[PDB]
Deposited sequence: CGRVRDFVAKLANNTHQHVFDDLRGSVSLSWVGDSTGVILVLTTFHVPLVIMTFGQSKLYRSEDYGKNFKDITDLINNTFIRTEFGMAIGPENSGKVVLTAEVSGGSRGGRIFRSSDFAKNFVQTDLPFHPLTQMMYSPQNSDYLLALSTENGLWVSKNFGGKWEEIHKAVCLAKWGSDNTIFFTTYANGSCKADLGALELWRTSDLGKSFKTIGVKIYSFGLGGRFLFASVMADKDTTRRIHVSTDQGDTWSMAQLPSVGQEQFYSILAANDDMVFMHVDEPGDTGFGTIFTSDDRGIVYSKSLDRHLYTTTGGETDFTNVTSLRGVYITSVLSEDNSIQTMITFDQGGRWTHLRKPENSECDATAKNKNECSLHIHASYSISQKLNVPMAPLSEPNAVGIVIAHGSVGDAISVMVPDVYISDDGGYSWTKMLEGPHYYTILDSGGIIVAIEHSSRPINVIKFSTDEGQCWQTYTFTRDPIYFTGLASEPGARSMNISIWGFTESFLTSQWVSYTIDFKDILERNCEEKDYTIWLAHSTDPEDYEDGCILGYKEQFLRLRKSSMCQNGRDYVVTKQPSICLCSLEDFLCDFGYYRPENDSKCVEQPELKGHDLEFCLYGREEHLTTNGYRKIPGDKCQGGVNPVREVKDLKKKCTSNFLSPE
């Protein structure tokens, strides 16, 4: 059909083995910067001793640098604090003597080439956090609960506050943190104070009170605020770093419920609101571009009460595509997919040449169900969660089940080349997979109960595979290492030999497999989100289209480390479909027109009475966030008020 000829020769001289002799227990692997090849391995032992290795050739060869950390014991709760981008910043937390005045850290800012030692004025409680803006700025919590900041990459530490619960870096070196007054974090649960410092502990602005907790997501700063003389709380959103606050149009919750930021960006948020009483599911709400107005997107969305597992996934290889698991009335789990930012959810189309399993009532008609965080949690035979990379357009890889729900059977692997619109069985039985060279190479390793000595590769996006032997002595496979970003052609296989056992790492380079670099001819045109090509509006998702240039399945070549996904948008005309109901409006029947409510019930009346001037007055409609349509329809009607309609029933004081 189609395979690589004389491949065995091209890979043999490019297979680079490494034995990690004195290795057991812990095994931390950290990549340091992009286009560097710097990897750090950290093995800890318990009576203990710590070992540290460093590669500079993508894991092909390491050199023991335990000497650089004076062989001392390193705490793995803090792991390896690696700095942003290509700063080269690396921080290791050392375990210290019982009665010491403060902790100790090993800091390298030259890609682990040289480690300085530093004794701290406090005992750290959290892993130190690098300011996204400035790699030299760090923050940490002491075991005493004090917020310590550093401006010189952890050399000198200053205690900027003394009773902090949670602290986070914002954009432009801002620090947000909750503070308690009486007992502890647990005693003042819902009675904390949200503060902020733009001048690194110089000044402070109390941006919130009666605080339960806070979180950042995209352009937003969320904070859950406790109800006065009540056991409940609700969401409050600020988009100006705490200066102005607004109550989110969302249900309030009790103490046994939560709010989870499923996903957030520069346009909107996906918020999971927990269902009252141990149900193991909630409801997804999609926000407007202000993070204030919320549209109910998905019901009975599976998110566990203990452990907090959810199969909620962003199919990062196609714009507007997300998959998750819902809980059926009949207590079965089905996988749903949204192609339009959670506007509409539906089942995944089963692959053409696949039969329905025992879970399906009709042996002809059924769907594809994906195994993710939840299946894994239930100790099912799922070695990997769904995988997609933004640079490898349309490709989604996952362990699935074809039927009416997620089955307990041993899953085969499924691939989509168009962002989840159509599927096909990639491999049979569980595997571990990786996407090299922005979709140029897909790599697979079998999930076995006994040793393996083989790797499988594909140069046509999982349509055709090829077996390769990387070792004479088989290993008990553990996992795959590859450079974040899915741009390298360097894959590190990991595992341990048969015992008196020891860890090993074989790194295969695909430079010779893809000796030719891609040229203009190798790429083809591809309209993302196609359904009916006859249609003028075909591919319009969120008011616009995107046409891509994609490497041909046939074309086997290297996209290159500098590959730039080339796409062109087509601005479609506005329909009502590009608008969500603002506050006080609803879409009855099938109809796409936003009509005013007869009267506001539940959390809608709660907003109506305790909101603010801007959101309470409405155009009826609001443009869907991320929606970039032009022309066509527009909601033409005056910006009307509702603070009269709600209070109209309430007898008013004089």
Tell me which segments of the deposited chain sequence are not represented by C-alpha atoms in this structure.
48-54, 507-508
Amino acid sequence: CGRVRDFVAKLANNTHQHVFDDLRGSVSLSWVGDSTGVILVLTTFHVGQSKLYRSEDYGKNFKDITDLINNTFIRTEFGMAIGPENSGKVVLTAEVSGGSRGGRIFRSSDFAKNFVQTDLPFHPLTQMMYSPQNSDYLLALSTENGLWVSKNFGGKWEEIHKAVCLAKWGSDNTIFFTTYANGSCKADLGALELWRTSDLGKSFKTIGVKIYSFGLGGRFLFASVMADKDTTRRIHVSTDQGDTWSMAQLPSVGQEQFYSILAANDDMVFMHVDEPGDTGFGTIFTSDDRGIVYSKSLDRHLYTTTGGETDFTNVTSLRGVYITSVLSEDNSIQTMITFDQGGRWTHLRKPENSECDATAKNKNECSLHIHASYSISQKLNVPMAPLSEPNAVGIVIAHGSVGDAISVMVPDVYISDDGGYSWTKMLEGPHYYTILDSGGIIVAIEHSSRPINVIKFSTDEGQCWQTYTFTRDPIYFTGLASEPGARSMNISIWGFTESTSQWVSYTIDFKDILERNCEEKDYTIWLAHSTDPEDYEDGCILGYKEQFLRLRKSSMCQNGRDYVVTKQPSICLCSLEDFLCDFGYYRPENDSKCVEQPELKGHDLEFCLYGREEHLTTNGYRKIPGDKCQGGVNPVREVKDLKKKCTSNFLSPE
From here on, numbers count along this sequence of modelled residues.
Look over 526-534 and 317-325 in the entry and identify the one with the greater average Cα temperature factor.
526-534
Averaging C-alpha B-factors over each stretch, which comes out higher, 627-635 or 6-14?
6-14
Out of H431, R104, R349, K545, highest CA B-factor residue:
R104
Among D119, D266, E483, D288, which carries the highest Cα B-factor?
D119
The third of the chain into which the C-alpha temperature factor of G59 falls is the middle
Report the third (lowest, middle or highest) to which the CA temperature factor of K567 belongs, ranking only the modelled residues of the same chain.
middle
Grab the CA temperature factor for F477 from the record and place it in the lowest, middle or highest third of its chain.
middle
Third assignment of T239 from its chain's C-alpha B-factors
middle
Ranked against its chain, the third holding the CA B-factor of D330
middle
